[PDB]
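Below, in structure tokens: the form deposited without this ligand, a single chain.
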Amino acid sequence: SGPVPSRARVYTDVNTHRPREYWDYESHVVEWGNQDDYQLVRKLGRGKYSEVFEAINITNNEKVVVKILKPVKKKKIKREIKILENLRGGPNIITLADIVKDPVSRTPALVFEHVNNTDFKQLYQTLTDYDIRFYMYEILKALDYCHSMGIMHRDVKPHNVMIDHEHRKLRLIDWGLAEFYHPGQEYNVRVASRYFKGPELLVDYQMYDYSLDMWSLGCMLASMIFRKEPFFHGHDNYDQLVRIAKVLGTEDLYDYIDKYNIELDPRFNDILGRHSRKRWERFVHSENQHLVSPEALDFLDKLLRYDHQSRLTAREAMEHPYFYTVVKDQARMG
């Protein structure tokens, strides 16, 4: 009795083909910038999830966003900084600018590029079918890039997507749970907010990969097209799989449990029991029908699969018909 090993379908050994220092964050020596160069303007309010500030970098007068990280392990701080530096410049990924410690708290602070405060959460339930397609493809750009750079985000959810309303500039943020993918590495199942936890985390399948981000994105998509926030509404980690099972059916769940020989608690197995597969047309109602099309259902169907290996890659996702017209967007800004 033992869980079978798994491998990522794409970008499998990207980190291996790179030098050690690219992914060996525990050896990274953190370069510090001057605190006296940054002055905080106003508390930008991450909804009391974190300490986010507007700040002026006085040495160049430019505006910066400063986040003071809640006191975590030295290991996890090293990770994020190395991840952000490596990902710097990529499409729709927050640009890290400086690393500073606060003198009145001894707490590390991250400095980011110009950001206007609009959380995707309070927007994604009121947007056109076209703009759902537009921003989804923008997120994919970030995820395809960061996966190719050997990094799983591990907290894909609308609260961690920031959108500049007026410029339509989308930045994927919150890389505090992000981790370098290495073939054959066991990863923590504690990552990701429950509503966006993939089946792999929910069954304790520990050798998952980038394909985790794609499930979460499927949950985000499901939320937008059906106007159900959130789509899978688990009141419990166990109930989260129940809510999933009541939609995709239990059959394919037991294929997934069998395939990778995952040992699931026979008591949890009892509660899961037998649920039939539901077609998405049953989530369709008057309010959301205009936000739903066959290509939307097809894409989502190819994201919300139990078997992580059978979910679309970020690249395969960017080539789906669902985004066919939106790739030709004419960047109208009013």
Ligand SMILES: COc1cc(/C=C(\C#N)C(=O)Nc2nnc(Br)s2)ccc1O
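Throughout, rigid core stands for the largest set of C-alpha atoms superposing within 1.5 Å between the two forms. Each residue number is its position in the shown sequence, starting from 1.
This protein has a second form, the form deposited with this ligand bound, left out of what is shown; the following refers to that one.
(message) Take the pose in the entry with it bound, superimpose it on this chain at the site, and classify the pocket for this ligand as open or blocked using 3 ligand atoms within 2.4 Å of backbone or C-beta as the minimum for blocked.
(response) The site is blocked here, because this ligand, transferred from its pose in the entry with it bound, has 3 or more atoms within 2.4 Å of backbone or C-beta atoms.
(request) Please check if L87 has a heavy atom lying within 4.5 Å of any heavy atom of this ligand in the entry with it bound. (result) Result no; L87 lies far from this ligand in the entry with it bound.
(message) Contact with this ligand in the entry with it bound for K228, defined as at least one heavy atom pair within 4.5 Å: yes or no?
(response) Output for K228 is no: heavy atoms all beyond 4.5 Å of this ligand.
(message) Would you classify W175 as touching this ligand in the entry with it bound, given a 4.5 Å non-hydrogen atom cut-off?
(response) Heavy-atom contact with this ligand at 4.5 Å: present for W175.
(request) May I ask you to state whether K67 is within 4.5 Å of this ligand in the entry with it bound, using heavy atom distances? (result) Yes - in the entry with it bound, heavy atoms of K67 and this ligand come within 4.5 Å of each other.
(request) Look at the candidate spot formed by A245, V247 and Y306 and say whether this ligand comes within 4.5 Å of a heavy atom in all three of them in the entry with it bound. (result) Heavy-atom distance to this ligand in the entry with it bound: none of the three under 4.5 Å.
(request) Let me know the one among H290, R42, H285, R279 whose heavy atoms come within 4.5 Å of this ligand in the entry with it bound, would you? (result) Selected residue: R42.
(message) Just to confirm, with a 4.5 Å cut-off on non-hydrogen atoms, which of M207, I94, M149, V203 contacts this ligand in the entry with it bound?
(response) In short, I94.
(request) Scan 108-134 and write down, in order along the chain, each residue with a heavy atom lying within 4.5 Å of this ligand in the entry with it bound. (result) Going through 108-134 in order - heavy atoms within 4.5 Å of this ligand in the entry with it bound - the hits are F112, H114, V115, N116, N117.
(request) Using a core superposition, identify the member of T95, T118, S193, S148 whose Cα displacement between this form and the one not shown reaches 2 Å or more. (result) Going through each option, the one that shifts is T118.
(message) Could you check, with the core superposed, whether the Cα atom of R46 shifts 2 Å or more between this form and the one not shown?
(response) Shift at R46: 2 Å or more after core fit.
(message) Core superposed first: is there a CA shift of 2 Å or greater at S286 between this form and the one not shown?
(response) Shift at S286: below 2 Å after core fit.
(message) If the two forms are fitted on the core, does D307 show a Cα displacement reaching 2 angstroms between this form and the one not shown?
(response) No, the C-alpha moves less than 2 Å.
(request) Note whether the distance between the C-alpha atoms of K48 and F180 decreases (closer) or increases (farther) in the entry with it bound, against the displayed form; the change is 3 Å or more. (result) Their C-alpha distance shrinks by at least 3 Å in the entry with it bound.
(message) Knowing the shift is 3 Å or more, I'd like to know if the C-alpha atoms of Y49 and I77 are closer or farther apart in the entry with it bound than in the shown chain.
(response) Closer is correct, given that in the entry with it bound the C-alpha spacing of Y49 to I77 is reduced by at least 3 Å.
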